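Report on the following structure.
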Amino acid sequence: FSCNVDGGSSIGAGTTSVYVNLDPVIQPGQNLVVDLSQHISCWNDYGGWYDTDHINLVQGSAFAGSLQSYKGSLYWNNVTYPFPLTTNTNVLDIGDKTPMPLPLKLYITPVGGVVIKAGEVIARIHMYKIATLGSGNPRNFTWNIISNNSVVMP
Ligand SMILES: O=C(O)c1cc(-c2ccccc2O[C@@H]2O[C@H](CO)[C@H](O)[C@H](O)[C@H]2O)cc([N+](=O)[O-])c1
Ligand SMILES: O=C(O)c1cc(-c2ccccc2O[C@@H]2O[C@H](CO)[C@H](O)[C@H](O)[C@H]2O)cc([N+](=O)[O-])c1
Numbered sequence: 001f002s003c004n005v006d007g008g009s010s011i012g013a014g015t016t017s018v019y020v021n022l023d024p025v026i027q028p029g030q031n032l033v034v035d036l037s038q039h040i041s042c043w044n045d046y047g048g049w050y051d052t053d054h055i056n057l058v059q060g061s062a063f064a065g066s067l068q069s070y071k072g073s074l075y076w077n078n079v080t081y082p083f084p085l086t087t088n089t090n091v092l093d094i095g096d097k098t099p100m101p102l103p104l105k106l107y108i109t110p111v112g116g117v118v119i120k121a122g123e124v125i126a127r128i129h130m131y132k133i134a135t136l137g138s139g140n141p142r143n144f145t146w147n148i149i150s151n152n153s154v155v156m157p
């Protein structure tokens, strides 16, 4: 099982930064929408749904410390969860060799000028993989989400 970010090197586990582009200006009462499906894609390394991979996001996925007061909802594979995650999410099965954009979005409500600083971590999303055959070769991933640009709110 592997993923990449913006079509870069293949990733089988571990921590990777994911750089996003956000609307530079938002109004009071407006949320930021981070569509991670545009950045992270994953696939099964055999194809044909041989040794199908089972992927979920993990309780403890959270905002960056600086943004701890923010509110959020996380969309994963047809379901929306409050963020930070206090439960794991549903499981997404991956079996094609052709990369699948991850069905992952984050909706962020700023609480408490600059609402997002360019270059700062926004959120840390933990992901778990286990496959079907043998031990399933469980793997842990972290996606550290970072904006390329600042966002301001009047
Ligand atoms: O385990 C890894 O860390 C890892 C494995 C592989 C890989 C490459 C070639 C063939 C099979 C591979 O892994 C198996 O894939 C199964 C179906 O997805 C299934 O996931 C199996 O459990 C798995 O062993 C690639 C990378 N990579 O980042 O390019 C990473
Ligand atoms: O090892 C497992 O069985 C397992 C691991 C994870 C996981 C994936 C990604 C990042 C962190 C993860 O678990 C945390 O690991 C901490 C120690 O490193 C620490 O042990 C935390 O308690 C733990 O939650 C998810 C699942 N899962 O089923 O979604 C299972």
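With the authors' numbering as the guide, the letters of the sequence shown map in order to residues 1 to 112, 116 to 157.
No residue lacks a Cβ here, since even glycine has one placed at the ideal position from N, Cα and C.
What's the gap between the Cα of residue i and the Cα of residue j?
i, j, result
"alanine 64", "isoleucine 125", "5 angstroms"
"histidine 54", "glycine 139", "9 angstroms"
"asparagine 21", "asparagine 152", "6 angstroms"
"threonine 145", "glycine 14", "6 angstroms"
"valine 111", "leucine 32", "12 angstroms"
"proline 99", "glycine 116", "39 angstroms"
"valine 79", "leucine 57", "12 angstroms"
"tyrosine 131", "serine 66", "25 angstroms"
"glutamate 123", "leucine 136", "39 angstroms"
For residue i, which of the options has the nearest alpha-carbon?
i, options, result
"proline 141", "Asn31, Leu32, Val18, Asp51", "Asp51"
"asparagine 77", "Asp96, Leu102, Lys71", "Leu102"
"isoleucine 26", "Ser73, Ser17, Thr109", "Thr109"
"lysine 97", "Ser9, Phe1, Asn44", "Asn44"
"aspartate 93", "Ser69, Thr16, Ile11, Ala134", "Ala134"
"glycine 60", "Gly47, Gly48, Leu74, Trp49", "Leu74"
"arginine 127", "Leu136, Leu104, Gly137, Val118", "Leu104"
"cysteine 3", "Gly137, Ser37, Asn88", "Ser37"
Indicate the three-state DSSP secondary structure (helix, strand or coil) for residue i in the structure shown.
i, result
"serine 37", "helix"
"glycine 14", "strand"
"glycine 72", "strand"
"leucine 22", "coil"
"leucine 32", "strand"
Can you tell me where the beta strand (DSSP E) holding residue i begins and where it ends?
i, result
"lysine 132", "124 to 133"
"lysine 105", "104 to 109"
"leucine 92", "92 to 94"
"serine 2", "2 to 5"
Spell out the partners DSSP gives residue i in its beta bridges.
i, result
"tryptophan 146", "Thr16, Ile128"
"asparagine 56", "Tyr131"
"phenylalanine 83", "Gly72"
Cβ-heavy atom distance between residue i and ligand 4 below 8 angstroms?
i, result
"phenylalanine 144", "In the structure shown, ligand 4 is absent; the only ligands present are ligand 1 and ligand 2."
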